[PDB]
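Each remark here refers to the structure printed beneath this line.
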2 protein chains.
Amino acid sequence: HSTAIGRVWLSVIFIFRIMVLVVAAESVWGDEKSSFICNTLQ
Amino acid sequence: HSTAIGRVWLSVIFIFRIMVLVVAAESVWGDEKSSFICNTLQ
């Protein structure tokens, strides 16, 4: 019992999301804190 | 033509002011700008 459209489309969109997250996490967000700087001596 | 009280008192107060200014300018106000600091990286 499974719809024809869903097994094709949901899985593809899920894989796309996973791939985008993999290519984004390592490089884009890697230095999110280390390169965060404020104009202060505090 | 000069008042008796004035020549005695005004000159003394003037000399006192000069002496205080001399003892204050060299040391108290000498580092007024060099030691002025602000909490900033700007």
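We name chains A, B, ... following the order of the structure tokens; residues begin at 1 in each chain, and ligands are numbered from 1 as shown.
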Using only C-alpha atoms and a distance of at most 10 Å, pull out the residues of chain A that contact chain B, as an MDAnalysis selection string. chainID A and resid 38:42
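Taking atom CA of residue 10 of chain B and atom CA of residue 29 of chain B as endpoints, the distance between them is 26.2 Å.
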Among chain B, which residues carry a DSSP assignment of helix (DSSP H, G or I), reported as a PyMOL selection string? chain B and resi 4-25
I need the chosen residues saved as a PDB file, in the first residue's frame, with N, CA, C and O atoms.
```pdb
ATOM      1  N   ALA B   4      44.442  99.922  50.960  1.00  0.00           N
ATOM      2  CA  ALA B   4      45.354  99.196  51.836  1.00  0.00           C
ATOM      3  C   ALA B   4      45.070  97.700  51.821  1.00  0.00           C
ATOM      4  O   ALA B   4      45.999  96.886  51.779  1.00  0.00           O
ATOM      5  N   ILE B   5      43.792  97.320  51.850  1.00  0.00           N
ATOM      6  CA  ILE B   5      43.435  95.906  51.908  1.00  0.00           C
ATOM      7  C   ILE B   5      43.755  95.217  50.584  1.00  0.00           C
ATOM      8  O   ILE B   5      44.223  94.069  50.562  1.00  0.00           O
ATOM      9  N   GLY B   6      43.501  95.903  49.466  1.00  0.00           N
ATOM     10  CA  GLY B   6      43.594  95.257  48.166  1.00  0.00           C
ATOM     11  C   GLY B   6      45.002  94.821  47.802  1.00  0.00           C
ATOM     12  O   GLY B   6      45.215  93.683  47.389  1.00  0.00           O
ATOM     13  N   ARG B   7      45.981  95.711  47.970  1.00  0.00           N
ATOM     14  CA  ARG B   7      47.354  95.385  47.591  1.00  0.00           C
ATOM     15  C   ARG B   7      47.873  94.195  48.390  1.00  0.00           C
ATOM     16  O   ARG B   7      48.681  93.399  47.897  1.00  0.00           O
ATOM     17  N   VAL B   8      47.420  94.059  49.637  1.00  0.00           N
ATOM     18  CA  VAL B   8      47.831  92.921  50.451  1.00  0.00           C
ATOM     19  C   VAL B   8      47.115  91.646  50.027  1.00  0.00           C
ATOM     20  O   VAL B   8      47.748  90.595  49.871  1.00  0.00           O
ATOM     21  N   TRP B   9      45.800  91.708  49.814  1.00  0.00           N
ATOM     22  CA  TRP B   9      44.994  90.496  49.697  1.00  0.00           C
ATOM     23  C   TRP B   9      44.892  89.985  48.260  1.00  0.00           C
ATOM     24  O   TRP B   9      45.022  88.779  48.024  1.00  0.00           O
ATOM     25  N   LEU B  10      44.646  90.879  47.296  1.00  0.00           N
ATOM     26  CA  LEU B  10      44.506  90.454  45.907  1.00  0.00           C
ATOM     27  C   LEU B  10      45.788  89.812  45.401  1.00  0.00           C
ATOM     28  O   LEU B  10      45.751  88.780  44.724  1.00  0.00           O
ATOM     29  N   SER B  11      46.932  90.423  45.712  1.00  0.00           N
ATOM     30  CA  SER B  11      48.209  89.878  45.273  1.00  0.00           C
ATOM     31  C   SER B  11      48.462  88.509  45.886  1.00  0.00           C
ATOM     32  O   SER B  11      48.958  87.601  45.212  1.00  0.00           O
ATOM     33  N   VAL B  12      48.126  88.340  47.166  1.00  0.00           N
ATOM     34  CA  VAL B  12      48.331  87.052  47.821  1.00  0.00           C
ATOM     35  C   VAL B  12      47.456  85.979  47.183  1.00  0.00           C
ATOM     36  O   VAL B  12      47.914  84.860  46.925  1.00  0.00           O
ATOM     37  N   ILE B  13      46.188  86.297  46.910  1.00  0.00           N
ATOM     38  CA  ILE B  13      45.301  85.305  46.303  1.00  0.00           C
ATOM     39  C   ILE B  13      45.758  84.980  44.883  1.00  0.00           C
ATOM     40  O   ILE B  13      45.685  83.829  44.433  1.00  0.00           O
ATOM     41  N   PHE B  14      46.242  85.990  44.157  1.00  0.00           N
ATOM     42  CA  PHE B  14      46.766  85.773  42.813  1.00  0.00           C
ATOM     43  C   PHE B  14      47.980  84.851  42.834  1.00  0.00           C
ATOM     44  O   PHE B  14      48.097  83.931  42.013  1.00  0.00           O
ATOM     45  N   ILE B  15      48.892  85.081  43.781  1.00  0.00           N
ATOM     46  CA  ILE B  15      50.072  84.231  43.910  1.00  0.00           C
ATOM     47  C   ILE B  15      49.671  82.814  44.294  1.00  0.00           C
ATOM     48  O   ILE B  15      50.248  81.835  43.803  1.00  0.00           O
ATOM     49  N   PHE B  16      48.676  82.680  45.173  1.00  0.00           N
ATOM     50  CA  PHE B  16      48.182  81.357  45.539  1.00  0.00           C
ATOM     51  C   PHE B  16      47.634  80.623  44.322  1.00  0.00           C
ATOM     52  O   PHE B  16      47.917  79.436  44.119  1.00  0.00           O
ATOM     53  N   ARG B  17      46.848  81.321  43.500  1.00  0.00           N
ATOM     54  CA  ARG B  17      46.293  80.715  42.293  1.00  0.00           C
ATOM     55  C   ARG B  17      47.398  80.281  41.341  1.00  0.00           C
ATOM     56  O   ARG B  17      47.346  79.186  40.770  1.00  0.00           O
ATOM     57  N   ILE B  18      48.414  81.127  41.166  1.00  0.00           N
ATOM     58  CA  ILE B  18      49.527  80.782  40.282  1.00  0.00           C
ATOM     59  C   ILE B  18      50.258  79.549  40.800  1.00  0.00           C
ATOM     60  O   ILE B  18      50.592  78.638  40.034  1.00  0.00           O
ATOM     61  N   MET B  19      50.517  79.500  42.107  1.00  0.00           N
ATOM     62  CA  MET B  19      51.227  78.355  42.675  1.00  0.00           C
ATOM     63  C   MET B  19      50.429  77.068  42.511  1.00  0.00           C
ATOM     64  O   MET B  19      50.988  76.018  42.163  1.00  0.00           O
ATOM     65  N   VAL B  20      49.120  77.128  42.761  1.00  0.00           N
ATOM     66  CA  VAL B  20      48.281  75.945  42.601  1.00  0.00           C
ATOM     67  C   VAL B  20      48.275  75.495  41.147  1.00  0.00           C
ATOM     68  O   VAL B  20      48.371  74.299  40.851  1.00  0.00           O
ATOM     69  N   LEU B  21      48.179  76.449  40.215  1.00  0.00           N
ATOM     70  CA  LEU B  21      48.199  76.103  38.801  1.00  0.00           C
ATOM     71  C   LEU B  21      49.520  75.454  38.413  1.00  0.00           C
ATOM     72  O   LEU B  21      49.542  74.500  37.632  1.00  0.00           O
ATOM     73  N   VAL B  22      50.633  75.952  38.955  1.00  0.00           N
ATOM     74  CA  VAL B  22      51.934  75.363  38.641  1.00  0.00           C
ATOM     75  C   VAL B  22      52.024  73.936  39.172  1.00  0.00           C
ATOM     76  O   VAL B  22      52.488  73.030  38.472  1.00  0.00           O
ATOM     77  N   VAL B  23      51.582  73.706  40.410  1.00  0.00           N
ATOM     78  CA  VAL B  23      51.712  72.362  40.974  1.00  0.00           C
ATOM     79  C   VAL B  23      50.697  71.408  40.349  1.00  0.00           C
ATOM     80  O   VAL B  23      50.845  70.185  40.441  1.00  0.00           O
ATOM     81  N   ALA B  24      49.656  71.944  39.705  1.00  0.00           N
ATOM     82  CA  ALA B  24      48.624  71.076  39.145  1.00  0.00           C
ATOM     83  C   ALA B  24      48.870  70.759  37.671  1.00  0.00           C
ATOM     84  O   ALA B  24      48.610  69.636  37.227  1.00  0.00           O
ATOM     85  N   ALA B  25      49.353  71.732  36.894  1.00  0.00           N
ATOM     86  CA  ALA B  25      49.454  71.548  35.450  1.00  0.00           C
ATOM     87  C   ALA B  25      50.424  70.432  35.090  1.00  0.00           C
ATOM     88  O   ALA B  25      50.116  69.579  34.250  1.00  0.00           O
TER      89      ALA B  25
END
```
